[PDB]
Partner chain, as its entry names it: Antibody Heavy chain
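As a starting point, one isolated chain is supplied in structure tokens, in the form solved without its partner chain.
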């Protein structure tokens, strides 16, 4: 696929629903996918969410230190509950903002990794997905673990992801299984315009 400028954000769940061994496996997967996606025209940014929100690095910080593993490895887990909708709003408004190094005219891609249903959030998905669509943010979702095995639970993943959901939703049975989708995720993003 011909390469074009892409600004790729990750939004990772840091709720206490994720045990520390699993959080480390998540950090390894984000590190590896970012390494595999690194091309001259890509920038990355990462936010962790629970009921709190932490920008671990902006697109501008990445551009100045474009070393994903070094940026991801030190992060520590927030703990707490699971405010996925507010996390999506903060990605759209803060990570994809010119002040934070997002580029005019680049593709805007968000990968959400969630371990559990939204809970505690003052926002619904109806409060944040229309604005994400207006702003052109292409969303991928990875639902990890037992929380997304039932067909009803999967609706939430579809609600987060861009349409069609079969091309944008991943469900993996546990954190050890995240590596099994690295090449697929890579190819989807490498080829977004092509």
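Numbering follows the first chain given and starts at 1.
Set 159-167 against 42-50 and average the Cα temperature factors; 159-167 ends up higher. Remark: stretch with higher mean C-alpha B factor among 58-66 and 33-41 is 33-41.
In the PDB entry, residue 108 places in the lowest third of its chain by CA B-factor. The PDB entry assigns residue 75 a C-alpha temperature factor belonging to the middle third of its chain's modelled residues. Ranked by Cα temperature factor within the chain, residue 15 sits in the lowest third according to the deposited record. The entry lists a Cα temperature factor for residue 149 that places it in the highest third of the chain's modelled residues.
Annotation for residue 98: C-alpha temperature factor in the highest third relative to the rest of the modelled chain, per the entry.
This protein has a second form, the form solved in complex with its partner chain, left out of what is shown; the following refers to that one.
Looking at residue 103, you'd find every heavy atom of it more than 4.5 angstroms from its partner chain in the deposited complex. In the deposited complex, its partner chain lies within 4.5 Å of some heavy atom of residue 79. The closest non-hydrogen atom of residue 51 lies within 4.5 Å of its partner chain in the deposited complex. Using a 4.5 angstroms limit between non-hydrogen atoms, residue 17 touches its partner chain in the deposited complex.
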